[PDB]
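Notes to accompany the following structure.
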Amino acid sequence: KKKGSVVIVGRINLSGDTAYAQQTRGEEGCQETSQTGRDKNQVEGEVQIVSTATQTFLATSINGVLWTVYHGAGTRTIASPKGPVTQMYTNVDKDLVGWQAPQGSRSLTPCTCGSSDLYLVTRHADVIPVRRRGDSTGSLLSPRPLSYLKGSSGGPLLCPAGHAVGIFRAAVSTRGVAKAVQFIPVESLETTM
Ligand SMILES: CC[C@@H]1C[C@]1(NC(=O)[C@@H]1C[C@@H]2CN1C(=O)[C@H](C(C)(C)C)NC(=O)OCC(C)(C)CCCCc1cccc3c1CN(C3)C(=O)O2)C(=O)NS(=O)(=O)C1CC1
Ligand SMILES: [Zn+2]
Numbered sequence: 128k129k130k131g132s133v134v135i136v137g138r139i140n141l142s143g144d145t146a147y148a149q150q151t152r153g154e155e156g157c158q159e160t161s162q163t164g165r166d167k168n169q170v171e172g173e174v175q176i177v178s179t180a181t182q183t184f185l186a187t188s189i190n191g192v193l194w195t196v197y198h199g200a201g202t203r204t205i206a207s208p209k210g211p212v213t214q215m216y217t218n219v220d221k222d223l224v225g226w227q228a229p230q231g232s233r234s235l236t237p238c239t240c241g242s243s244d245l246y247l248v249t250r251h252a253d254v255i256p257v258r259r260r261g262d263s264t265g266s267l268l269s270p271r272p273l274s275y276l277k278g279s280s281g282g283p284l285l286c287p288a289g290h291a292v293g294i295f296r297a298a299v300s301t302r303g304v305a306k307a308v309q310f311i312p313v314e315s316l317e318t319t320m
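So the mapping is simple: the working numbering equals the position in the sequence shown, first residue as 1, plus 127.
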């Protein structure tokens with residue numbers, strides 16, 4: 128047996144004045160696309176909603192690279208119009224993986240603002256205010272149950288300008304309440320690159 132490819136099943140629309148999620152592919156289609164690695168669907172935007180046979184999470188475009196977490200993706204190839212695409216970046220120590228950004232997608236610019244007022248984008252297209260607390264952490268202004276954040280790993284942390292500050296990695300949870308988030312800083316990405 129072989130593991131399937133990661134498959135783009137949707138995206139987070141941040142184009143207009145309203146953030147909302149869009150599904151671009153259903154479950155049977157996903158199942159098939161994962162097996163073949165052949166995905167002919169048009170890709171749009173910065174924030175992709177992705178899937179394996181077993182898990183669903185997010186993937187983010189930064190500097191022409193579609194980024195996600197190792198815990199979600201493993202070493203899996205990504206489904207594309209011309210077949211499975213091998214990872215160009217793999218880092219288990221950082222819970223980080225990357226593939227060449229798919230044609231049609233748009234990439235976010237790495238932040239150079241040195242600013243601590245951030246915004247987390249969830250799988251549900253919720254825009255969550257986060258205050259930066261260190262190189263890798265940030266507190267939620269309004270804490271949420273873990274449930275609310277689940278499946279958002281691989282999504283972005285944005286600055287007020289819209290620059291990418293980082294990739295959501297793990298939640299800081301106490302007795303099911305998430306008071307903070309842990310992320311992969313964009314500098315780590317730039318370094319990997
Ligand atoms: C539910 C929303 C969570 C965002 C999310 N991530 C996770 O679920 C990750 C996956 C796993 C656990 N975890 C946690 O968030 C846990 C938690 C809440 C489950 C209890 N937090 C924790 O241990 O904090 C503790 C903390 C000290 C802050 C960790 C810092 C170091 C973190 C770290 C550094 C380097 C490597 C690795 C890690 C952590 N890491 C590998 C790893 O494999 O973590 C997700 O949404 N996942 S998902 O559902 O989309 C999945 C399908 C893809
Ligand atoms: Zn910025």
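Don't be surprised by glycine CBs; every beta carbon is placed ideally from N, CA and C.
(request) Scan the region 222-279 and note each continuous alpha helix (DSSP H) run of 4 residues or more that stays entirely inside, going in chain order. (result) 273-276
(request) Using DSSP bridges, identify the partner residues of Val192. (result) Taking the sequence shown and counting its residues from 1, the one referred to as residue 192 is at position 65. Answer is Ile189, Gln227, bridged to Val192.
(request) Return yes when the C-beta of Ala297 is under 6 Å from any heavy atom of ligand 3, and no when it is not. (result) Of the ligands one can find in the structure shown, namely ligand 1 and ligand 2, none is ligand 3.
(request) Please report how far the alpha carbon of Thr204 lies from the alpha carbon of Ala305, in whole angstroms. (result) Taking the first residue of the sequence shown as 1, we reach residue 204 at position 77. Taking the first residue of the sequence shown as 1, we reach residue 305 at position 178. When rounded, the distance between both Cα atoms is 31 Å.
(request) Within the same chain, show all residues whose beta-carbon is closer than 7 Å to that of residue 330, passing over the 5 residues directly before and after it, in chain order. (result) In the structure as shown, the chain begins at 128 and stops at 320. Residue 330 is therefore absent and cannot be evaluated.
(message) Taking contact to mean 3 or more Cβ pairs, one atom from each stretch, closer than 8 Å, check whether the region 219-236 and the region 180-192 are in contact.
(response) yes
(request) Could you pull the start and end residues of the beta strand (DSSP E) that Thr301 belongs to? (result) For this step, residue 301 is matched to residue 174 along the sequence shown. Residues 291-301.
(message) Rounded to the nearest angstrom, what separates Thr183 and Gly278 at their Cα positions?
(response) Here residue 183 refers to the residue found at position 56 of the sequence shown. Here residue 278 refers to the residue found at position 151 of the sequence shown. Going from the Cα of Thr183 to the Cα of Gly278 covers about 6 Å.
(request) Round the Cβ separation of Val196 and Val224 to the nearest angstrom and send it over; I've been treating them as touching at under 8 Å. (result) Counting from one through the sequence shown, the residue named residue 196 turns up at place 69. Counting from one through the sequence shown, the residue named residue 224 turns up at place 97. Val196 to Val224, Cβ: 7 Å. Contact.
(request) Just grab the DSSP bridge partners of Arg138 for me. (result) Here residue 138 corresponds to residue number 11 of the sequence shown, with the count starting at 1. According to DSSP, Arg138 bridges with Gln149, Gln175.
(message) Using the three-state DSSP reduction, which class does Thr183 fall into: helix, strand or coil?
(response) Counted from its first residue, the sequence shown places residue 183 at position 56. Three-state result, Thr183: strand.
(request) Starting from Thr163, trace the alpha helix (DSSP H) both ways and give me its first and last residue. (result) Locating residue 163 in the sequence shown gives position 36, counting from the first residue. Unbroken alpha helix (DSSP H) run through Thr163: 154-163.
(request) Would you decide whether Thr181 is buried or exposed? Buried here means 16 or more other CB atoms lie within 10 Å of its CB. (result) Mapped onto the sequence shown, residue 181 falls at position 54. Burial call: exposed.
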